[PDB]
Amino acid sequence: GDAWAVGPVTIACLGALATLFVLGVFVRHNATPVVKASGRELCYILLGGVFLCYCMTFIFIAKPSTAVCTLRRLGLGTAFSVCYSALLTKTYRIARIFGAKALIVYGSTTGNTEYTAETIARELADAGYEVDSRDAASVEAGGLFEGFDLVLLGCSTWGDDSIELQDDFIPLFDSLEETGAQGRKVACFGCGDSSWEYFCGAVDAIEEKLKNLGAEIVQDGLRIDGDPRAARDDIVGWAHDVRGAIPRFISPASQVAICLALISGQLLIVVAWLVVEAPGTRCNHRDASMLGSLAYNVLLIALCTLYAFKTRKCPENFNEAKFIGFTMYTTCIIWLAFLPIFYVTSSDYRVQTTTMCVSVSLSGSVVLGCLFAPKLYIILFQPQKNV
């Protein structure tokens, strides 16, 4: 009769208990770095989603009613949508910040502008950028700026009659049209001497050509007078203002906005089909009412796995990106394995519903077991690491 529901209900109960435990430990330690650095708000939205996956079991084991059918269609897509929107936004946050790529191309004869470049690069990698420093002799003009979020061009001033660019930088300057400059966020730097009429004339020449090319000049170029080693405060100070180009911060309020929008998209699909195809009684629409709902979640997961794989090497918040990666790879394995299972068990409603319950629970279990279990281990057993 209802013995088929012992297995699913036991799982859902233990899973809801485990989710309330994980929430509790997180809230108890809400101000500690492990809980704050991870993009806190998103982690709460995720546990809510996971708790809902376990709650789905009760709604599927309960007797079909117009309300039960509404909630079955409403909840199944939404519960998963809450999980994967939280996971996508977390990955987007990592990608947007540690994603950003900077390129520094310097021109130096005595290595002063090279030192200034070496200081800026260290500061930017510390800021979160994936810096790529190169000398103007090594660089080839064609497609040199492509795929870089930020580009810094360093060069010294020469000439014994007028402004002259550093020798390695002249071939780059003359063929700057074929570099990818238009629309690119740029900044210039260089070393000169105030004993010369045109102090850092090279910086001026490069800034003006970039303006003409259609580049986004982020800041007034850095002009180092004399020894750059004595201007470290000026050079680091400038690199601090430069780094605030591709934003290195996403507000918790903005994180919940993106997440909430991605949930809203599924809710629009699931409500739109409840309006056209009214719920009723077994449940009236067990056909292709959840097809759109499924496509939306298949998109979210695929997107999330692609971003998670791209962000896998990021060490921030105790290698979180690695564990977000693992939860997504396991989700793909689950989803791709249960798809033929639902097809072959379509003849038996009890087996079909039991499988649905087990798999929805399993999907929720890999989020707890892969993302939260390593976080809970540091919180509860390694407190010295959480301070």
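We number the residues from 1 along the sequence you see.
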*Are any deposited residues left out of the model between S138 and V139, and how many (none, 1 to 3, 4 to 9, 10 or more)?*
none
*Would 80 to 88 or 155 to 163 have the larger average of its C-alpha temperature factors, as given in the entry?*
155 to 163
*Mean CA B-factor: is it higher for 214 to 222 or for 284 to 292?*
284 to 292
*Which one of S65, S359, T57, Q352 shows the biggest C-alpha B-factor in the PDB entry?*
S65
*Taking the entry's C-alpha B-factors for this chain, is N30 in the lowest, middle or highest third?*
lowest
*Would the CA B-factor of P228 place it in the lowest, middle or highest third of its chain?*
highest
*Classify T327 as lowest, middle or highest third according to the C-alpha B-factor given in the PDB entry, relative to its own chain.*
middle
*asked:* Going by the CA temperature factor in the PDB record, which third of the chain does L267 belong to: lowest, middle or highest?
replied: lowest
*Among the chain's modelled residues, which third holds the C-alpha B-factor of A302?*
middle
